[PDB]
Amino acid sequence: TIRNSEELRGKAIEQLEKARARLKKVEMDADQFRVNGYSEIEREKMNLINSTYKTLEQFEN
Amino acid sequence: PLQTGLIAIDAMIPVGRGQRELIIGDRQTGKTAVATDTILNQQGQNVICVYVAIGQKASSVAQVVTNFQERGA
Amino acid sequence: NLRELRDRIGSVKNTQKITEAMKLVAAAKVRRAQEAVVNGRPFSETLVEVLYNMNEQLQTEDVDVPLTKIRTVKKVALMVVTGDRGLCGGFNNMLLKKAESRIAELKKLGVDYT
Amino acid sequence: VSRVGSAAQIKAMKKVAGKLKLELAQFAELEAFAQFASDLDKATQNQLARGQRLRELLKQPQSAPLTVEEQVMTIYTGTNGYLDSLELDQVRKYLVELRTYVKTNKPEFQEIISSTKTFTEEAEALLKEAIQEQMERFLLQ
Amino acid sequence: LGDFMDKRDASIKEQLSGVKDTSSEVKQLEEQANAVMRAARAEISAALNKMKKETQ
Amino acid sequence: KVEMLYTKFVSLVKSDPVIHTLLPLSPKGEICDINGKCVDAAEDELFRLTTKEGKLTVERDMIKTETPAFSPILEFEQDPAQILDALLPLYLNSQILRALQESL
Amino acid sequence: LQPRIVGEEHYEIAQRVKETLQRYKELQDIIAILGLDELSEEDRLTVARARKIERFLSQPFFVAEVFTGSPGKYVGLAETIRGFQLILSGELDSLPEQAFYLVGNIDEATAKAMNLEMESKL
Amino acid sequence: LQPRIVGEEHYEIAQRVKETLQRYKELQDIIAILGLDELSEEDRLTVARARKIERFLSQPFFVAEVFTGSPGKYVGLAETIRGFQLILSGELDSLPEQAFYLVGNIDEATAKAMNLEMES
Ligand SMILES: Nc1ncnc2c1ncn2[C@@H]1O[C@H](COP(=O)(O)OP(=O)(O)OP(=O)(O)O)[C@@H](O)[C@H]1O
């Protein structure tokens, strides 16, 4: 039972390695979300501005 | 097929090109709204829309042509 | 639309005359239940008189019966009895909600209710 | 009611959810029936939460005309019970996340099916794939 | 013999102490992943939304 | 300290429950509750349906009965620290049946 | 619909279905205000029975498949009276009700019932 | 009542009022028959909050003082957001139905609640 507790400790440390690995991968996915959000804010601002200006020019025509 | 742009109609109760579906309902419940929505859905479907406005506020028809000038339709 | 709302009226006649049926039936159940309780009454009367004079006669606390001995504050169970059939209304889940607040009060001192 | 039926709508949505109209009619009756909600059957509990989430799919924002391929996406998301386990009131968020995710990740799906009008196994595969991915993305979080 | 017995006893006790410490460390790494990804999602999504509203 | 929760019977509409303490028991007559209820003389009331108007009410009088000190000459074949150990299950069953039927 | 001209057992089928059905159509508003689970058992069986009955006698059409999804069925009256002699008697009270939904024949209803139970597992 | 006119915030404000009150009517026509507590806990709370908004919209009128007696009050857009917000969030969730009755301002409803709780 003491040995099973020590093996459970090793299993806990393996799950801690899994937690740190998913932590680093989650930070990488957060960099991914920041990248896609930068591209999305760029798409929103550029689309809105350019399409609104072109619609204004269509009103001018 | 002819496309709605609104989800539930094309989901359950389909409209088709040549089919004459009848929108119905009480007042102030978005009838003209869903009409204009299924108009300006048609943006690349080679679909002429003829919004025949009958007997209502000219301010309302000016609003819908304002929305049409917005949406290009 | 006239006939259909007329029939809603007719079904409301039905509804009133059926709620009256439920009213009278529940009254019969109340009568039979209070009859059963007053039937079990003299049992109760006999046991409480013999119990009172027995624990008067005992006269000293050399009585180690585990059912009564007021011991420490471990787990406090809930012998809750609840509604019988779902035409209940308010009181018969209001007992449940007061039981919920009693579970809250038992977790106030953290006594591990059952 | 639309009295000409599926022959005037696309074959993809046909093969996906022809039946969903009558399923939702039963869900509407049974949800009227589930007013008497004391001990619902487990199967009718599944059916009611199912058609519940389906009705929540049939919510859409003001003047957001979805791609008909996106209607195929949400109609398969409903008919394949992925959303059944998911959160019931965040289905709109699940849907906007899912449609953005497919419209970015696998926009080849919508074009191949709009060129074929047919719900094929390629459509299924791309769908369930992005479904696993965005289901993960919105489970976390 | 008493030294050997005390050795085995204290060693198993320190092993179980480190077992509980490693369990708390696994929960600490779970807190690391949790707070990291949570504040990360918050920062990315909220910054994107704020800059989106500003540019809009 | 079990917390028995039957619903009481005071009025026909709102008979608010009280949280009885069945087990453990107490001195003989005492069937106290957690919320200081403590009728504490185990002679209880009996609900009846009074009819003072076109409607009905509750009739409950705290019906008492005597302590007979039943007999000094009655002999205990089972050692009155011992007979009570089985008499108390009977008090438990009577209280639980009275609570059951009061809930009903 | 005379008994002697439809078969005096077919007529009993017709009478039993009309009886439990009409009683359900009576009961349904009392249901809508007091709950089926309250509504007493000797009618609580019949409401679910006739509730299965009507949906079972909803049967698909070979043209309506455009509106339904499954191609319809041309049902024989012996199969009909057989399935109803199951339902009104209370043999197939074990089946789920939607197993009777839109089904041509009662053996197909048992088949769809096994499919529904199978998906209740899966 | 469009998001692109009143602000999406005010649009959904009006929504989150209207959904609840329409639901209250849909429950009203079957609650009047067969009583209050046959609902869910949720539907009971929703009825309470819907009647909250209902009595909360009892605008005391500035010209109606000579008719009823109460000198009416003026409210605006901060009220338009905040009374809704307190009602729908559940900030005001224990003061009775009278405690927002015939008072426009939600802070005035809070002060009225203070007064009626004081008079006991
Ligand atoms: N999907 C939707 N989401 C939110 N609001 C909607 C939606 N569809 C329609 N509406 C709303 O319905 C309201 C009424 O529009 P509309 O005038 O078309 O209704 P109506 O019944 O046609 O009224 P009238 O008959 O007087 O023109 C509009 O303010 C519009 O915002």
# chains A, B, ... in the order shown; residues from 1 in each chain; ligands from 1
$ interface_residues --of "chain F" --to "chain C" --cutoff "7 Å" --atoms "only C-alpha atoms" --output "number ranges by chain"
F: 1-7, 14, 16-17, 23-26, 28-29, 42-43, 47-48, 65-70, 81, 85, 94, 100-101, 103-104
$ write_last_selection --atoms "C-alpha atoms" --output "PDB file, in the first residue's frame"
ATOM      1  CA  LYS F   1     -30.218  13.903  16.044  1.00  0.00           C
ATOM      2  CA  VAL F   2     -32.360  12.927  13.074  1.00  0.00           C
ATOM      3  CA  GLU F   3     -34.349  15.799  11.623  1.00  0.00           C
ATOM      4  CA  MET F   4     -37.727  14.398  10.725  1.00  0.00           C
ATOM      5  CA  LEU F   5     -39.595  16.682   8.332  1.00  0.00           C
ATOM      6  CA  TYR F   6     -43.270  15.928   8.098  1.00  0.00           C
ATOM      7  CA  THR F   7     -45.621  18.742   7.184  1.00  0.00           C
ATOM      8  CA  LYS F  14     -50.820  26.638   4.729  1.00  0.00           C
ATOM      9  CA  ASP F  16     -46.179  24.817   7.454  1.00  0.00           C
ATOM     10  CA  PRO F  17     -43.842  21.889   8.234  1.00  0.00           C
ATOM     11  CA  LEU F  23     -33.977   9.782  17.379  1.00  0.00           C
ATOM     12  CA  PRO F  24     -32.500  10.224  19.837  1.00  0.00           C
ATOM     13  CA  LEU F  25     -35.378  10.493  22.238  1.00  0.00           C
ATOM     14  CA  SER F  26     -35.362  12.350  25.510  1.00  0.00           C
ATOM     15  CA  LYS F  28     -40.324  10.238  28.344  1.00  0.00           C
ATOM     16  CA  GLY F  29     -42.856  12.853  27.258  1.00  0.00           C
ATOM     17  CA  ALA F  42     -46.246  13.405  24.616  1.00  0.00           C
ATOM     18  CA  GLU F  43     -50.042  13.778  24.707  1.00  0.00           C
ATOM     19  CA  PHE F  47     -57.048  17.160  13.811  1.00  0.00           C
ATOM     20  CA  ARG F  48     -60.715  17.394  12.885  1.00  0.00           C
ATOM     21  CA  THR F  65     -54.321  11.916  29.203  1.00  0.00           C
ATOM     22  CA  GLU F  66     -53.220  10.965  32.690  1.00  0.00           C
ATOM     23  CA  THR F  67     -50.041   9.597  34.167  1.00  0.00           C
ATOM     24  CA  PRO F  68     -51.574   6.617  36.019  1.00  0.00           C
ATOM     25  CA  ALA F  69     -48.259   5.573  37.647  1.00  0.00           C
ATOM     26  CA  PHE F  70     -49.724   2.412  36.323  1.00  0.00           C
ATOM     27  CA  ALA F  81     -33.693  -0.697  32.192  1.00  0.00           C
ATOM     28  CA  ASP F  85     -34.892  -0.719  25.145  1.00  0.00           C
ATOM     29  CA  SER F  94     -45.835   5.460  16.547  1.00  0.00           C
ATOM     30  CA  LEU F 100     -46.656   9.889   7.987  1.00  0.00           C
ATOM     31  CA  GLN F 101     -50.385  10.270   8.313  1.00  0.00           C
ATOM     32  CA  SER F 103     -48.185  14.486   6.051  1.00  0.00           C
ATOM     33  CA  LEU F 104     -50.871  12.629   4.128  1.00  0.00           C
TER      34      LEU F 104
END
$ residues_near_ligand --ligand "ligand 1" --cutoff "7 Å" --atoms "only C-alpha atoms and all ligand atoms" --output "JSON list (two decimals) with N, CA and C atoms, in the first residue's frame"
[["chain", "number", "residue", "atom", "x", "y", "z"],
["B", 25, "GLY", "N", -49.45, 36.83, -41.22],
["B", 25, "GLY", "CA", -49.29, 37.08, -39.80],
["B", 25, "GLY", "C", -49.98, 38.36, -39.40],
["B", 26, "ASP", "N", -49.88, 38.65, -38.11],
["B", 26, "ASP", "CA", -50.45, 39.87, -37.58],
["B", 26, "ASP", "C", -49.59, 41.06, -38.01],
["B", 27, "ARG", "N", -49.92, 42.25, -37.52],
["B", 27, "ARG", "CA", -49.07, 43.38, -37.84],
["B", 27, "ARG", "C", -47.80, 43.34, -37.01],
["B", 28, "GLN", "N", -46.90, 44.28, -37.31],
["B", 28, "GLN", "CA", -45.68, 44.59, -36.53],
["B", 28, "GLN", "C", -44.86, 43.36, -36.14],
["B", 29, "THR", "N", -44.91, 42.31, -36.94],
["B", 29, "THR", "CA", -44.22, 41.08, -36.58],
["B", 29, "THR", "C", -43.19, 40.72, -37.63],
["B", 30, "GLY", "N", -42.63, 41.72, -38.29],
["B", 30, "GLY", "CA", -41.49, 41.44, -39.13],
["B", 30, "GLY", "C", -41.81, 40.88, -40.49],
["B", 31, "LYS", "N", -43.02, 41.07, -40.98],
["B", 31, "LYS", "CA", -43.37, 40.52, -42.29],
["B", 31, "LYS", "C", -42.59, 41.22, -43.39],
["B", 32, "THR", "N", -42.69, 42.54, -43.45],
["B", 32, "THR", "CA", -41.89, 43.30, -44.40],
["B", 32, "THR", "C", -40.41, 43.08, -44.16],
["B", 33, "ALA", "N", -40.01, 42.87, -42.91],
["B", 33, "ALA", "CA", -38.60, 42.64, -42.60],
["B", 33, "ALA", "C", -38.10, 41.35, -43.22],
["B", 34, "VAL", "N", -38.85, 40.25, -43.06],
["B", 34, "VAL", "CA", -38.39, 39.00, -43.64],
["B", 34, "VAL", "C", -38.53, 39.03, -45.15],
["D", 60, "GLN", "N", -31.88, 33.09, -34.98],
["D", 60, "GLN", "CA", -30.90, 33.73, -35.83],
["D", 60, "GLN", "C", -30.98, 35.24, -35.62],
["D", 61, "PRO", "N", -29.87, 35.96, -35.77],
["D", 61, "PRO", "CA", -29.88, 37.39, -35.47],
["D", 61, "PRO", "C", -30.54, 38.20, -36.57],
["D", 62, "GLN", "N", -30.70, 39.49, -36.28],
["D", 62, "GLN", "CA", -31.38, 40.39, -37.19],
["D", 62, "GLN", "C", -30.58, 40.59, -38.47],
["D", 63, "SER", "N", -31.19, 40.23, -39.60],
["D", 63, "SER", "CA", -30.64, 40.41, -40.95],
["D", 63, "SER", "C", -29.27, 39.78, -41.12],
["H", 1, "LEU", "N", -37.53, 50.49, -32.55],
["H", 1, "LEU", "CA", -36.88, 49.51, -31.70],
["H", 1, "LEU", "C", -36.05, 48.63, -32.61],
["H", 2, "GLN", "N", -34.87, 49.11, -32.91],
["H", 2, "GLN", "CA", -33.89, 48.43, -33.73],
["H", 2, "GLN", "C", -32.55, 48.61, -33.06]]
$ residues_around --residues "residue C:87" --least-positions-apart "6" --cutoff "8 Å" --atoms "only C-alpha atoms" --output "list in words"
residues 34 and 38 of chain G; 38 of chain H
$ interface_residues --of "chain B" --to "chain A" --cutoff "12 Å" --atoms "only C-alpha atoms" --output "list in words"
residues 66, 68, 69, 70, 71, 72 and 73 of chain B
$ atom_distance --atom1 "atom CA of residue H:95" --atom2 "atom CA of residue H:16"
20.5 Å
$ residues_around --residues "residue D:135" --least-positions-apart "2" --cutoff "12 Å" --atoms "only C-alpha atoms" --output "MDAnalysis selection string"
chainID D and resid 77 82:87 90:91 93:99 101:102 127:133 137:141
$ write_last_selection --atoms "N, CA and C atoms" --output "PDB file, in the first residue's frame"
ATOM      1  N   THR D  77     -25.547  19.818 -37.687  1.00  0.00           N
ATOM      2  CA  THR D  77     -25.201  19.940 -36.278  1.00  0.00           C
ATOM      3  C   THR D  77     -26.381  19.599 -35.390  1.00  0.00           C
ATOM      4  N   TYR D  82     -24.652  16.272 -31.916  1.00  0.00           N
ATOM      5  CA  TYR D  82     -23.470  16.813 -31.267  1.00  0.00           C
ATOM      6  C   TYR D  82     -23.834  17.827 -30.206  1.00  0.00           C
ATOM      7  N   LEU D  83     -24.782  18.699 -30.507  1.00  0.00           N
ATOM      8  CA  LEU D  83     -25.221  19.743 -29.603  1.00  0.00           C
ATOM      9  C   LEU D  83     -26.040  19.198 -28.446  1.00  0.00           C
ATOM     10  N   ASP D  84     -26.382  17.908 -28.480  1.00  0.00           N
ATOM     11  CA  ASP D  84     -27.246  17.333 -27.458  1.00  0.00           C
ATOM     12  C   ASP D  84     -26.575  17.361 -26.093  1.00  0.00           C
ATOM     13  N   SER D  85     -25.314  16.964 -26.036  1.00  0.00           N
ATOM     14  CA  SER D  85     -24.561  17.010 -24.799  1.00  0.00           C
ATOM     15  C   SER D  85     -24.156  18.421 -24.422  1.00  0.00           C
ATOM     16  N   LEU D  86     -24.099  19.322 -25.390  1.00  0.00           N
ATOM     17  CA  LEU D  86     -23.473  20.619 -25.208  1.00  0.00           C
ATOM     18  C   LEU D  86     -24.357  21.521 -24.354  1.00  0.00           C
ATOM     19  N   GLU D  87     -23.934  22.763 -24.160  1.00  0.00           N
ATOM     20  CA  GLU D  87     -24.760  23.697 -23.417  1.00  0.00           C
ATOM     21  C   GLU D  87     -25.953  24.108 -24.268  1.00  0.00           C
ATOM     22  N   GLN D  90     -26.096  28.151 -24.976  1.00  0.00           N
ATOM     23  CA  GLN D  90     -24.960  28.643 -25.735  1.00  0.00           C
ATOM     24  C   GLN D  90     -24.874  28.024 -27.120  1.00  0.00           C
ATOM     25  N   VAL D  91     -25.981  27.496 -27.643  1.00  0.00           N
ATOM     26  CA  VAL D  91     -25.947  26.901 -28.973  1.00  0.00           C
ATOM     27  C   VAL D  91     -25.746  27.964 -30.038  1.00  0.00           C
ATOM     28  N   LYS D  93     -23.835  30.577 -29.652  1.00  0.00           N
ATOM     29  CA  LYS D  93     -22.401  30.818 -29.632  1.00  0.00           C
ATOM     30  C   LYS D  93     -21.651  29.645 -30.240  1.00  0.00           C
ATOM     31  N   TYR D  94     -22.113  28.426 -29.960  1.00  0.00           N
ATOM     32  CA  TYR D  94     -21.557  27.234 -30.587  1.00  0.00           C
ATOM     33  C   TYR D  94     -21.664  27.322 -32.094  1.00  0.00           C
ATOM     34  N   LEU D  95     -22.788  27.835 -32.577  1.00  0.00           N
ATOM     35  CA  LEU D  95     -23.014  27.921 -34.005  1.00  0.00           C
ATOM     36  C   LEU D  95     -22.154  28.993 -34.642  1.00  0.00           C
ATOM     37  N   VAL D  96     -22.030  30.159 -34.013  1.00  0.00           N
ATOM     38  CA  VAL D  96     -21.218  31.193 -34.639  1.00  0.00           C
ATOM     39  C   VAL D  96     -19.749  30.801 -34.594  1.00  0.00           C
ATOM     40  N   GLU D  97     -19.326  30.155 -33.505  1.00  0.00           N
ATOM     41  CA  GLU D  97     -17.978  29.621 -33.438  1.00  0.00           C
ATOM     42  C   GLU D  97     -17.762  28.550 -34.490  1.00  0.00           C
ATOM     43  N   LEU D  98     -18.734  27.660 -34.659  1.00  0.00           N
ATOM     44  CA  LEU D  98     -18.592  26.571 -35.605  1.00  0.00           C
ATOM     45  C   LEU D  98     -18.571  27.083 -37.031  1.00  0.00           C
ATOM     46  N   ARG D  99     -19.416  28.059 -37.344  1.00  0.00           N
ATOM     47  CA  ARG D  99     -19.467  28.548 -38.710  1.00  0.00           C
ATOM     48  C   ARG D  99     -18.219  29.347 -39.040  1.00  0.00           C
ATOM     49  N   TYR D 101     -15.355  28.712 -37.692  1.00  0.00           N
ATOM     50  CA  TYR D 101     -14.302  27.714 -37.721  1.00  0.00           C
ATOM     51  C   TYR D 101     -14.300  26.952 -39.033  1.00  0.00           C
ATOM     52  N   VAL D 102     -15.476  26.618 -39.556  1.00  0.00           N
ATOM     53  CA  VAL D 102     -15.490  25.900 -40.823  1.00  0.00           C
ATOM     54  C   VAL D 102     -15.217  26.853 -41.976  1.00  0.00           C
ATOM     55  N   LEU D 127     -17.463  18.117 -41.812  1.00  0.00           N
ATOM     56  CA  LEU D 127     -18.382  18.608 -40.799  1.00  0.00           C
ATOM     57  C   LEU D 127     -18.025  18.075 -39.429  1.00  0.00           C
ATOM     58  N   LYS D 128     -18.032  16.754 -39.266  1.00  0.00           N
ATOM     59  CA  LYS D 128     -17.734  16.173 -37.967  1.00  0.00           C
ATOM     60  C   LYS D 128     -16.329  16.527 -37.505  1.00  0.00           C
ATOM     61  N   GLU D 129     -15.395  16.741 -38.438  1.00  0.00           N
ATOM     62  CA  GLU D 129     -14.037  17.120 -38.069  1.00  0.00           C
ATOM     63  C   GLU D 129     -14.015  18.484 -37.400  1.00  0.00           C
ATOM     64  N   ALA D 130     -14.491  19.512 -38.112  1.00  0.00           N
ATOM     65  CA  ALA D 130     -14.560  20.839 -37.510  1.00  0.00           C
ATOM     66  C   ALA D 130     -15.491  20.859 -36.307  1.00  0.00           C
ATOM     67  N   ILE D 131     -16.432  19.913 -36.242  1.00  0.00           N
ATOM     68  CA  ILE D 131     -17.309  19.792 -35.089  1.00  0.00           C
ATOM     69  C   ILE D 131     -16.524  19.364 -33.863  1.00  0.00           C
ATOM     70  N   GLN D 132     -15.667  18.348 -34.001  1.00  0.00           N
ATOM     71  CA  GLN D 132     -14.789  17.967 -32.896  1.00  0.00           C
ATOM     72  C   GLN D 132     -13.911  19.132 -32.477  1.00  0.00           C
ATOM     73  N   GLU D 133     -13.343  19.831 -33.461  1.00  0.00           N
ATOM     74  CA  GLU D 133     -12.406  20.907 -33.157  1.00  0.00           C
ATOM     75  C   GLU D 133     -13.086  22.055 -32.420  1.00  0.00           C
ATOM     76  N   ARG D 137     -12.979  23.739 -28.775  1.00  0.00           N
ATOM     77  CA  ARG D 137     -12.669  25.155 -28.580  1.00  0.00           C
ATOM     78  C   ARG D 137     -13.671  25.831 -27.650  1.00  0.00           C
ATOM     79  N   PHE D 138     -14.939  25.449 -27.739  1.00  0.00           N
ATOM     80  CA  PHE D 138     -15.955  26.055 -26.898  1.00  0.00           C
ATOM     81  C   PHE D 138     -16.210  25.284 -25.608  1.00  0.00           C
ATOM     82  N   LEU D 139     -15.779  24.028 -25.511  1.00  0.00           N
ATOM     83  CA  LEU D 139     -15.670  23.422 -24.192  1.00  0.00           C
ATOM     84  C   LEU D 139     -14.534  24.031 -23.396  1.00  0.00           C
ATOM     85  N   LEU D 140     -13.517  24.552 -24.073  1.00  0.00           N
ATOM     86  CA  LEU D 140     -12.365  25.137 -23.395  1.00  0.00           C
ATOM     87  C   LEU D 140     -11.974  26.482 -24.020  1.00  0.00           C
ATOM     88  N   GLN D 141     -12.885  27.454 -24.086  1.00  0.00           N
ATOM     89  CA  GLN D 141     -14.102  27.574 -23.281  1.00  0.00           C
ATOM     90  C   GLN D 141     -15.146  28.294 -24.110  1.00  0.00           C
TER      91      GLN D 141
END
$ closest_atom_pairs --of "chain D" --to "chain H" --cutoff "10 Å" --atoms "only C-alpha atoms" --output "JSON lines"
{"residue": "D:35", "atom": "CA", "partner": "H:39", "partner_atom": "CA", "distance": 9.0}
{"residue": "D:36", "atom": "CA", "partner": "H:39", "partner_atom": "CA", "distance": 9.9}
{"residue": "D:37", "atom": "CA", "partner": "H:40", "partner_atom": "CA", "distance": 9.4}
{"residue": "D:62", "atom": "CA", "partner": "H:3", "partner_atom": "CA", "distance": 8.8}
$ interface_residues --of "chain H" --to "chain G" --cutoff "12 Å" --atoms "only C-alpha atoms" --output "ChimeraX atom specification"
/H:27,29-35,38-39
$ residues_around --residues "residue B:50" --least-positions-apart "6" --cutoff "12 Å" --atoms "only C-alpha atoms" --output "ChimeraX atom specification"
/B:35-36,38-40,42,73
$ residues_around --residues "stretch 66-76 of chain H" --least-positions-apart "6" --cutoff "10 Å" --atoms "only C-alpha atoms" --output "list in words"
residues 59, 60, 102, 103, 104, 105, 106 and 108 of chain H
$ atom_distance --atom1 "atom CA of residue D:1" --atom2 "atom CA of residue B:9"
9.5 Å
$ residues_around --residues "stretch 47-55 of chain D" --least-positions-apart "3" --cutoff "9 Å" --atoms "only C-alpha atoms" --output "PyMOL selection string"
chain D and resi 20+23-24+26-28+30-31+34+42-44+58-59+75+78-79+81+83-84+87-89+91
$ atom_distance --atom1 "atom CA of residue B:22" --atom2 "atom CA of residue D:69"
24.5 Å
$ select_by_dssp --residues "chain F" --states "alpha helix (DSSP H)" --output "PyMOL selection string"
chain F and resi 84-103
$ write_last_selection --atoms "N, CA and C atoms" --output "CSV table (one decimal), in the first residue's frame"
chain,number,residue,atom,x,y,z
F,84,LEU,N,-37.4,-1.0,28.4
F,84,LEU,CA,-37.5,0.3,27.7
F,84,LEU,C,-36.8,0.3,26.4
F,85,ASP,N,-35.7,-0.6,26.3
F,85,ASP,CA,-34.9,-0.7,25.1
F,85,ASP,C,-35.7,-1.3,24.0
F,86,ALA,N,-36.8,-2.0,24.3
F,86,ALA,CA,-37.7,-2.4,23.2
F,86,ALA,C,-38.9,-1.6,23.2
F,87,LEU,N,-39.3,-0.9,24.2
F,87,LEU,CA,-40.5,0.0,24.2
F,87,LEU,C,-40.2,1.2,23.3
F,88,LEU,N,-39.0,1.7,23.3
F,88,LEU,CA,-38.6,2.9,22.5
F,88,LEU,C,-38.7,2.7,21.0
F,89,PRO,N,-38.4,1.5,20.5
F,89,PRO,CA,-38.8,1.2,19.0
F,89,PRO,C,-40.3,1.4,18.8
F,90,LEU,N,-41.1,1.1,19.8
F,90,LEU,CA,-42.6,1.3,19.6
F,90,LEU,C,-42.9,2.8,19.6
F,91,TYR,N,-42.2,3.6,20.4
F,91,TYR,CA,-42.5,5.0,20.4
F,91,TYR,C,-42.0,5.6,19.0
F,92,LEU,N,-40.9,5.1,18.5
F,92,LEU,CA,-40.4,5.5,17.2
F,92,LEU,C,-41.4,5.2,16.1
F,93,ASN,N,-41.9,4.0,16.1
F,93,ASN,CA,-42.9,3.6,15.1
F,93,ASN,C,-44.2,4.4,15.2
F,94,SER,N,-44.6,4.7,16.4
F,94,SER,CA,-45.8,5.5,16.5
F,94,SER,C,-45.6,6.9,16.1
F,95,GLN,N,-44.5,7.5,16.5
F,95,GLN,CA,-44.2,8.8,16.0
F,95,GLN,C,-44.0,8.9,14.5
F,96,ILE,N,-43.4,7.9,13.9
F,96,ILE,CA,-43.2,7.9,12.5
F,96,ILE,C,-44.5,7.7,11.7
F,97,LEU,N,-45.4,6.9,12.3
F,97,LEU,CA,-46.7,6.7,11.7
F,97,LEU,C,-47.6,7.9,11.8
F,98,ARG,N,-47.5,8.6,13.0
F,98,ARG,CA,-48.3,9.8,13.2
F,98,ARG,C,-47.8,10.9,12.2
F,99,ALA,N,-46.5,11.0,12.0
F,99,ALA,CA,-45.9,12.0,11.1
F,99,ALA,C,-46.3,11.6,9.7
F,100,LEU,N,-46.3,10.3,9.3
F,100,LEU,CA,-46.7,9.9,8.0
F,100,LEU,C,-48.1,10.3,7.7
F,101,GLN,N,-49.0,10.0,8.6
F,101,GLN,CA,-50.4,10.3,8.3
F,101,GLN,C,-50.7,11.7,8.5
F,102,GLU,N,-49.9,12.5,9.3
F,102,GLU,CA,-50.1,13.9,9.3
F,102,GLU,C,-49.7,14.5,8.0
F,103,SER,N,-48.6,14.0,7.4
F,103,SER,CA,-48.2,14.5,6.1
F,103,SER,C,-49.2,14.2,5.0
$ closest_residue --among "E:26, E:47, E:7, E:13" --to "chain A" --atoms "only C-alpha atoms"
E:26
$ closest_atom_pairs --of "chain G" --to "chain D" --cutoff "9 Å" --atoms "only C-alpha atoms" --output "JSON lines"
{"residue": "G:31", "atom": "CA", "partner": "D:36", "partner_atom": "CA", "distance": 8.0}
{"residue": "G:32", "atom": "CA", "partner": "D:35", "partner_atom": "CA", "distance": 7.5}
{"residue": "G:33", "atom": "CA", "partner": "D:36", "partner_atom": "CA", "distance": 8.6}
{"residue": "G:34", "atom": "CA", "partner": "D:36", "partner_atom": "CA", "distance": 7.7}
{"residue": "G:35", "atom": "CA", "partner": "D:36", "partner_atom": "CA", "distance": 4.8}
{"residue": "G:36", "atom": "CA", "partner": "D:36", "partner_atom": "CA", "distance": 6.5}
{"residue": "G:37", "atom": "CA", "partner": "D:36", "partner_atom": "CA", "distance": 7.3}
{"residue": "G:64", "atom": "CA", "partner": "D:5", "partner_atom": "CA", "distance": 8.6}
{"residue": "G:65", "atom": "CA", "partner": "D:6", "partner_atom": "CA", "distance": 8.9}
{"residue": "G:66", "atom": "CA", "partner": "D:6", "partner_atom": "CA", "distance": 5.3}
{"residue": "G:67", "atom": "CA", "partner": "D:5", "partner_atom": "CA", "distance": 5.1}
{"residue": "G:68", "atom": "CA", "partner": "D:19", "partner_atom": "CA", "distance": 5.6}
{"residue": "G:69", "atom": "CA", "partner": "D:18", "partner_atom": "CA", "distance": 5.1}
{"residue": "G:70", "atom": "CA", "partner": "D:19", "partner_atom": "CA", "distance": 8.2}
{"residue": "G:96", "atom": "CA", "partner": "D:43", "partner_atom": "CA", "distance": 8.4}
{"residue": "G:98", "atom": "CA", "partner": "D:26", "partner_atom": "CA", "distance": 9.0}
{"residue": "G:116", "atom": "CA", "partner": "D:43", "partner_atom": "CA", "distance": 8.8}
{"residue": "G:117", "atom": "CA", "partner": "D:43", "partner_atom": "CA", "distance": 8.8}
{"residue": "G:120", "atom": "CA", "partner": "D:43", "partner_atom": "CA", "distance": 6.8}
$ closest_residue --among "H:65, H:93, H:8, H:26" --to "residue H:45" --atoms "only C-alpha atoms"
H:93
